[PDB]
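Encoded as structure tokens, the structure appears first; notes follow it.
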Amino acid sequence: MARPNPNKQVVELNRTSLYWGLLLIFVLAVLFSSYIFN
Amino acid sequence: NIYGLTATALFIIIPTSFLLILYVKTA
Amino acid sequence: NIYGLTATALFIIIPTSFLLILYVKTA
Amino acid sequence: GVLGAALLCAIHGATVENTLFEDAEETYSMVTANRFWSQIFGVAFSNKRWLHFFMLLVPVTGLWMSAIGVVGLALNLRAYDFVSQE
Amino acid sequence: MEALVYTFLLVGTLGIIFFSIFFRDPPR
Amino acid sequence: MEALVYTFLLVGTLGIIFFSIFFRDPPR
Amino acid sequence: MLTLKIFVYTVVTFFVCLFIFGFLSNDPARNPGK
Amino acid sequence: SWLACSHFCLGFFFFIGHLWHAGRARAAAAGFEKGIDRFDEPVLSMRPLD
Amino acid sequence: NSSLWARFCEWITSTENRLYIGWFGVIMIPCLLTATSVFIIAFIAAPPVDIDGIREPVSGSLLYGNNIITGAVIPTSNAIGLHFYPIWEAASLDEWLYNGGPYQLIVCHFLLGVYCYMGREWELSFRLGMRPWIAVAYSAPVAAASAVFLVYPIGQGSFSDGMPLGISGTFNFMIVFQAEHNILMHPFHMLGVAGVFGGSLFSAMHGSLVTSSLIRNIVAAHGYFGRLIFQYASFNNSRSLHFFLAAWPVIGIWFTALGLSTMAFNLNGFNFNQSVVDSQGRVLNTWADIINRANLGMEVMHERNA
Amino acid sequence: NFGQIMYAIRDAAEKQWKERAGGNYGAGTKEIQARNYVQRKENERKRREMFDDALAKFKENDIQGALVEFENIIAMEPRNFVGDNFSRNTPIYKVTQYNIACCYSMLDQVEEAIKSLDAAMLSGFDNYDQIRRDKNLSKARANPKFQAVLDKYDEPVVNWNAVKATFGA
Ligand code: CLA
Ligand code: CLA
Ligand SMILES: C=Cc1c(C)c2cc3nc(c4c5[nH]c(cc6nc(cc1[nH]2)C(C)=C6CC)c(C)c5C(=O)[C@@H]4C(=O)OC)[C@@H](CCC(=O)OC/C=C(\C)CCC[C@H](C)CCC[C@H](C)CCCC(C)C)[C@@H]3C
Ligand SMILES: CC(C)=CCC/C(C)=C/CC/C(C)=C/CC/C(C)=C/CC/C(C)=C/CC/C(C)=C/CC/C(C)=C/CC/C(C)=C/CC/C(C)=C/CC1=CC(=O)C(C)=C(C)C1=O
Ligand SMILES: CCCCCCCCCCCCCCCC(=O)OC[C@H](COP(=O)(O)OC[C@@H](O)CO)OC(=O)CCCCCCCCCCCCCCC
Ligand SMILES: CCCCCCCCCCCCCCCC(=O)OC[C@H](COP(=O)(O)OC[C@@H](O)CO)OC(=O)CCCCCCCCCCCCCCC
Ligand SMILES: CC1=C(/C=C/C(C)=C/C=C/C(C)=C/C=C/C=C(C)/C=C/C=C(C)/C=C/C2=C(C)CCCC2(C)C)C(C)(C)CCC1
Ligand SMILES: [Fe+2]
């Protein structure tokens, strides 16, 4: 087996990032569902 | 309109859950 | 069956989200 | 609840009886049992108090819920039929 | 039943706004 | 459409199981 | 479905042979401290 | 019916006996049948599982 | 030691894996994966099966208009019986499904998987140095599953008698079994009920005593138990108590599984019919007779064909 | 030094862990596990480099240094070790005590070389051809107890003597 990978990194995102993401998804949903239902 | 309901539900669940899992891991 | 769908959806959204809020606050 | 209670009784007895120390201090190795059950089943107990409280919580909840069901039946409120399938 | 879906989306968005207001992450 | 609801509930439960297995919190 | 039969047979035989040789590899138990 | 039932029960019980005695014999041969040594636990020599 | 075999063996046998694999895992994992995949797919979508083999299909798939509580994987059709029915012996995939092959596939793979799991439960226990016989305690549910899924069909001569892989199917199986054989009035099922109830009782009581004693002591809990009931000075040590906890339910389930297998060869429970007779020959009904009437109703409604 | 004597014969962090009394996993046990794992890793690392030193020096014919090095590598053998494949002994343990058994032969110590190769056999040095064939150990091979221990640990598969005797009768 190979040696431990040297360039292993972890992803992070703070509360502002979560709020931005949730708001984006919900805004896109409320905008597009009206046309999806048709 | 079942396709619309399932598409909307998937779009709400999968990405928001995705983000929530990452944030839970961060903290 | 609209009543069943709305009741089920409320029971999946409100409590699970409630737990998630507290856990986010803890960490 | 009842079947899970029997399951917990059997598993706890077997686990405690199969991780003894050779011969105060706890007789059985908690770390060994936790490792064993976390690698086989996937999740294993880490706190003794929580485990011995779970063994209490299961049957009580099961029988209380069955009692609520029997109360429901006492007034003939019975989950008898599915209208759609009928 | 589409109406209930629309109200659910709107109320959820309002909840996101409320949480963004009152539960802000303190800097650093 | 009830079938999709049932399947969603089932797969959601399996997801909870998966996360409880592989993403455990290291105690203390 | 001869093709599927042969595919299932070969996968099963591979698994069983590996299963056996895994144990044949293991060395016998012994007590060092005795 | 008597033959089949009696001999199935006896065969199953003797299979359980095989399981028990084989496990005990292997453990005794390995040397840790009496219990863990409480000083040199093989689990402790392994890294924490995360 | 870089040979493919060497590194593969090290990987499989290593405890570094999140879930220990072991050699038994080699057969355990793929079998369970096949069983669960086929089970999920069949439950979600599958055509009706001819369980009774007289061209009266029984819908059991979730997608064909039935609920979770009612959805089930119908057992193999009565026509095939004990014959081995993979895909490739079937004339076609549609006919394979109509007859009910996926139940046979699932049950075979599941039995192999559970046996291999029982084995790995010993193998890992040997690795860590702990005592080996946790598998023995596991032999009870495995024995019951084998009795329900394999031994009983063998006794009855057909695979259609195996427990359907569903909830309402399980209730139907239990009711039909009570109809054919007096499962309720059989001493081994009585021992099984005793085992389950005693397991629940002992789990609850032991949890209460230990959690109460854990304050910041076992002598106090021992005295508590001794003073509560007239019984005094038993299970003085944790070893005997924790062995008894494992010994009660395991023996109960062993006995109930053996009772099921015994009934597989038509050795029914007690038959107390016309047990009480007055003078000059009349029949006085007892509770066993009302049970018999219920069995009559179940059995007569079970025989779908003439 | 262990090496010299044998050639001649030719808590601060653990108090939290000592949670084990309370039957809890906790965090102290994790720290102890990590410390033990890293200590073990360094242990076999240094045993390996000591073995490299031993072979390099044996190439120089300094059997004294090779022997002290080989009686030192055995010294740090962990107690109650169960291998990944149920070995019960680290893989080096069997080879090193074979080489020391060779080295003892070079020292004209056949009597203790017999015990060294007996202990090598106990560890599961399943390779039987060289011990019979290797000329390097031939000096100690002359002793009858060498063949006695080889027989009790490598029995003839077929009793030619017994079958011939039965044929005679
Ligand atoms: C010929 C077969 C055989 C032999 C020679 C042995 C020999 C031994 N066993 Mg093993 N064993 C066997 C079969 C055998 N066993 C089977 C089939 C099982 C499965 C249940 C077991 C399970 C078993 C366990 C779990 C243990 C042993 C132990 C022992 C040792 C002590 C004997 C003992 O318990 O005291 C004699 C004990 C008694 C006389 C108590 C009898 C209690 C039973 C329940 C009586 C039941 C009688 C009843 C009428 C039968 C109804 C049958 C019906 C279901 C059809 C001894 C080396 C013990 C040990 O320490 O090993 C070193 C131990 O812990 N054995
Ligand atoms: C209150 C009354 C009462 C009570 C307490 C019981 C109690 C019991 N009955 Mg009886 N019964 C009753 C009334 C009652 N019955 C009546 C009224 C009828 C007639 C309608 C019956 C008819 C009846 C039959 C016909 C049978 C029972 C059986 C049983 C036993 C079930 C547990 C068992 O053996 O499974 C043991 C455990 C298992 C079977 C589980 C095996 C699990 C496998 C090994 C693993 C599965 C893995 C899983 C799929 C994956 C997990 C996923 C992960 C995410 C968690 C138990 C002793 C059964 C029995 O005795 O057992 C054979 C049986 O066959 N009963
Ligand atoms: C019906 C009651 C019941 C159930 C469901 C159950 C379930 C379980 N017990 C286990 C263990 C045990 N149970 C024990 C004693 C007992 N168990 C009892 C009663 C039960 N125990 C009783 C009464 C006792 C006392 C004797 C012991 C001693 C053990 C164990 O050691 C073992 C364990 O691990 O404990 C933690 C687990 C075995 C996991 C496995 O198969 O590998 C994993 C398999 C996986 C993940 C996938 C399998 C999925 C398959 C492919 C599904 C296919 C479809 C099936 C045919 C099922 C059909 C479902 C329909 C009926 C709806 C599992 C969670
Ligand atoms: C298409 C598909 C997927 C088909 C699926 C179809 C289908 C039928 C799905 C299933 C439907 C379904 C989910 C039905 C079940 C629903 C149901 C009835 C739920 C009941 C829920 C409820 C709220 C009831 C209340 C009663 C209740 C409290 C029950 C709890 C049961 C329960 C969790 C019991 C414990 C089970 C268990 C496996 C415990 C093992 C614990 C364990 C690992 C201990 C090991 C261990 C032992 C030691 O001794 C020590 C020392 C240590 C350290 C240690 O670790
Ligand atoms: C099938 C498999 C699944 C497929 C789907 C996968 C989806 C993956 C997730 C995609 C979404 C990710 C969202 C990240 C969200 C996020 O956290 O981003 C954060 C990012 C800035 O973050 P920084 O780089 O400063 O953070 C550094 C680190 O701390 C990490 O955050 O902002 C952006 O780059 C743009 C964000 C979207 C745009 C924001 C503004 C516009 C939208 C709001 C509009 C409101 C309405 C106004 C009009 C009414
Ligand atoms: C190779 C074998 C693979 C097995 C795969 C199956 C894995 C199952 C894992 C179950 C985890 C349950 C969630 C635990 C959540 C969790 O994090 O628990 C963690 C908990 C341990 O808690 P701690 O000891 O860390 O708690 C310390 C206390 O101080 C509290 O903080 O685990 C247990 O005690 C045992 C729980 C068994 C419960 C079994 C329930 C099984 C339910 C299955 C439902 C199936 C539905 C199917 C729908 C179709
Ligand atoms: C290699 C190996 C391994 C693993 C493996 C695995 C994990 C596998 C898996 C596998 C799998 C996971 C498989 C699966 C399979 C499945 C199947 C085979 C299925 C089938 C199905 C079918 C066939 C169906 C059909 C149908 C339906 C039911 C629907 C519609 C209709 C029809 C009829 C089409 C390990 C690492 C441990 C070690 C070494 C060995
Ligand atoms: Fe306990």
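All residue numbers here begin at 1 and follow the chain in the order shown.
Cβ atoms here come from the backbone N, Cα and C positions, even for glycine.
Annotated transmembrane segment per Swiss-Prot: I:20-37, I:109-124, I:133-147, I:188-209, I:244-258, in sequence order, evidence recorded as sequence analysis. The chlorophyll a ChlzD1 binding site feature in Swiss-Prot is assigned to I:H109. Feature annotation from Swiss-Prot assigns site 'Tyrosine radical intermediate' to I:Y152; the stated evidence is sequence analysis. Per Swiss-Prot, chlorophyll a PD1 binding site is recorded for I:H189. If you look up Swiss-Prot, you'll see I:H206, I:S234, I:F235 marked as quinone binding site.
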(message) Considering Cα atoms only, can you say which of I:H109, I:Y152, I:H189 is the nearest neighbour of I:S234 (quinone binding site) among these recorded positions?
(response) I:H189
(message) If I count Cβ-Cβ pairs under 8 A between the transmembrane segment (I:133-147) and each of I:20-37, I:109-124, I:188-209, I:244-258, which range comes out on top?
(response) I:244-258
(message) Using the alpha carbons only, what distance in Å do you get between I:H109 (chlorophyll a ChlzD1 binding site) and I:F235 (quinone binding site) once rounded?
(response) 42
(message) On a C-alpha basis, identify the one among I:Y152, I:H206, I:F235 that is nearest to I:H189 (chlorophyll a PD1 binding site); the candidates are the recorded positions.
(response) I:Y152
(request) Excluding I:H206, I:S234, I:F235, please set out which residues of the same chain place their CB within 8 Å of the center of the CB atoms of the quinone site, keeping sequence order. (result) I:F225, I:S240, I:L241, I:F244
(request) Report, as numbers and ranges, every residue of the chain located at least six residues beyond the transmembrane segment (I:20-37) whose Cβ falls under 8 Å of a Cβ in that stretch; write 'none' if there are none. (result) 12-13, 105-106, 109-110, 112-113, 116-117, 119-120, 123-124, 127
(request) State the count of C-beta atoms found within 10 angstroms of the C-beta of I:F235 (quinone binding site), not counting that atom itself. (result) 17
(request) Among all chains shown, work out which of the binding-site residues I:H109, I:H189, I:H206 has the most CB atoms within 10 A of its CB. (result) I:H206
(request) Take the C-alpha atoms of I:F235 (quinone binding site) and I:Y152 (site 'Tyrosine radical intermediate') and report the distance between them in angstrom, rounded. (result) 39
(request) Using only the Cα atoms of I:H206, I:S234, I:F235, which the record gives as binding quinone, return the largest interatomic distance in Å, rounded to a whole number. (result) 14
(request) Output, ordered by sequence, the same-chain residues six or more apart from I:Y152 (site 'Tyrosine radical intermediate') with a CB under 8 Å from its CB, or 'none'. (result) I:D161, I:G162, I:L260, I:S261, I:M263, I:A264
(request) Could you tell me which three-state DSSP class I:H206 (quinone binding site) falls into? (result) helix
(request) For I:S234 (quinone binding site), just count the other CB atoms lying within 10 A of its CB, please. (result) 11
(request) For chain D, give the subset of the recorded positions I:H109, I:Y152, I:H189, I:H206, I:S234, I:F235 whose C-beta is less than 8 angstroms from one of that chain's C-beta atoms, in sequence order, otherwise 'none'. (result) I:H206
